[PDB]
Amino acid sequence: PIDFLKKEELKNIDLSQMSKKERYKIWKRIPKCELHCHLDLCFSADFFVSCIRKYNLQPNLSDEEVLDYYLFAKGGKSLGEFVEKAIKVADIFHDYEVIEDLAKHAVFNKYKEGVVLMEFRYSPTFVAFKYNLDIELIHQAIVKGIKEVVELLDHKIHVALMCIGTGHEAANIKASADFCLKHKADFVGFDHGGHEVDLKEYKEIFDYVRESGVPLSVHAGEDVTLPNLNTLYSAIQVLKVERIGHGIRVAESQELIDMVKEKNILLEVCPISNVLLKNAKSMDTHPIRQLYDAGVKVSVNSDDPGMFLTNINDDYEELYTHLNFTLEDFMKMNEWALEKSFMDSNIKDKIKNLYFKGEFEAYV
């Protein structure tokens, strides 16, 4: 059982005297609450390469060329290109067995990384398109795979699901919204991913989801190539989201920074994703430092461990190494993520008690 760091204990840890390996041991011991991780793009290199071989998908490529062709581990051009490679990766959604395996593995690896609260998200209609799978059996496979691992683990990690709509056709977004609500019992939130579009047009679809009791967190303010910040205004003012996926472009506008703070919105920051997709110049210039210092609530997230060949503790390493975040900062961020989690209040209460009970400093 991971020896999770406690709030009152952090002042005794000297990270400056540690090797990279020893720091990773400390990142593992942070009780992490992760809000933004696409389960359908969450795997290791090994898992991915097996899948490709299992279905004889690339007989002309070495393992290394398969990783290069399909994934984004060295970074790319833009979110646009990222969306194009995701489409390619859908080569592996061959059947429901591989899907269930994917879900077991993803949860197991989060557990070993020291995540205690995990909101996974996935896009059913996406996962279905390549082989025209049935979204109902896709969901059953994922829920089954998750339940089995959580049970095996004695509920040591708490997992919830969010449903993502993708694309810019009302028909597909509506079909996802209906699926999400049909499966309200499993889904705790509703998202939009894919190319970044202004969601204001789909107001009535999102209203209906939000008003049926499923809160919203949509991808917005990620893609630096958009000619304005309209997508952020829409998510906040029209969709009335509780959280924003990425939202890093909020840093470009004092008006938006004030809006997010005043509305108590949390930004689900994905540091490595933004650098690899060219939405931040380098980790040294990542807006999370500005936003955190401006008093915006932000949490740390991996986004797509499979596309980047990373895990959540790599994001912590980069933030510590490039931007000088501290263990205190990390604990504060995870407690914000805990408070803004869409999971049941009973579960959040348990987690608070288990991991976030003390205070950083003694009463004086």
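All residue numbers refer to positions in the sequence shown, first residue = 1. For the two forms, the rigid core is made up of the largest set of C-alpha atoms that agree within 1.5 Å on superposition.
*Asks:* Core-aligned, RMS over all structures and residues: is 276-284 or 169-177 the stretch with the greater C-alpha displacement in 4 other deposited structures of this protein?
*Replies:* Stretch with the higher C-alpha RMS distance in 4 other deposited structures of this protein: 169-177.
*Asks:* Quick one: with the core lined up, is it 160-168 or 208-216 that wanders further in 4 other deposited structures of this protein, going by C-alpha RMS?
*Replies:* The more displaced stretch in 4 other deposited structures of this protein turns out to be 160-168.
*Asks:* Using only C-alpha atoms and the B-factors in the entry, which stretch averages higher, 149-157 or 119-127?
*Replies:* On average, C-alpha B-factors are higher across 149-157.
*Asks:* Mean C-alpha B-factor higher for 320-328, or for 33-41?
*Replies:* Per the PDB entry, the higher value belongs to 320-328.
*Asks:* For the listed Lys261, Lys110, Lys240, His168, which has the peak Cα B-factor recorded in the PDB entry?
*Replies:* Spelled out: the listed residue with the top C-alpha B-factor is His168.
*Asks:* Which listed residue, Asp223, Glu136, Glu211, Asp293, has the largest C-alpha temperature factor in the record?
*Replies:* Highest C-alpha B-factor among the listed options: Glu211.
*Asks:* Using the temperature factors of the C-alpha atoms in this entry, rank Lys348 within its chain: lowest, middle or highest third.
*Replies:* Ranked within chain, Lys348 CA B lands in the highest tercile.
*Asks:* Which third, lowest, middle or highest, does the C-alpha temperature factor of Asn12 belong to within its own chain?
*Replies:* Top third by C-alpha B-factor.
*Asks:* Splitting the chain's C-alpha B-factors into thirds, which one does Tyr355 fall into?
*Replies:* Highest third, going by the recorded CA B-factors of the chain.
*Asks:* Taking only the Cα B-factors deposited for this chain, tell me whether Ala185 sits in the lowest, middle or highest third.
*Replies:* For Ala185, whose C-alpha B-factor we compare with every modelled residue in the chain, the answer is the middle third.
*Asks:* By its CA B factor, does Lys54 count among the lowest, middle or highest third of the modelled residues in the chain?
*Replies:* It falls in the top third of the chain.
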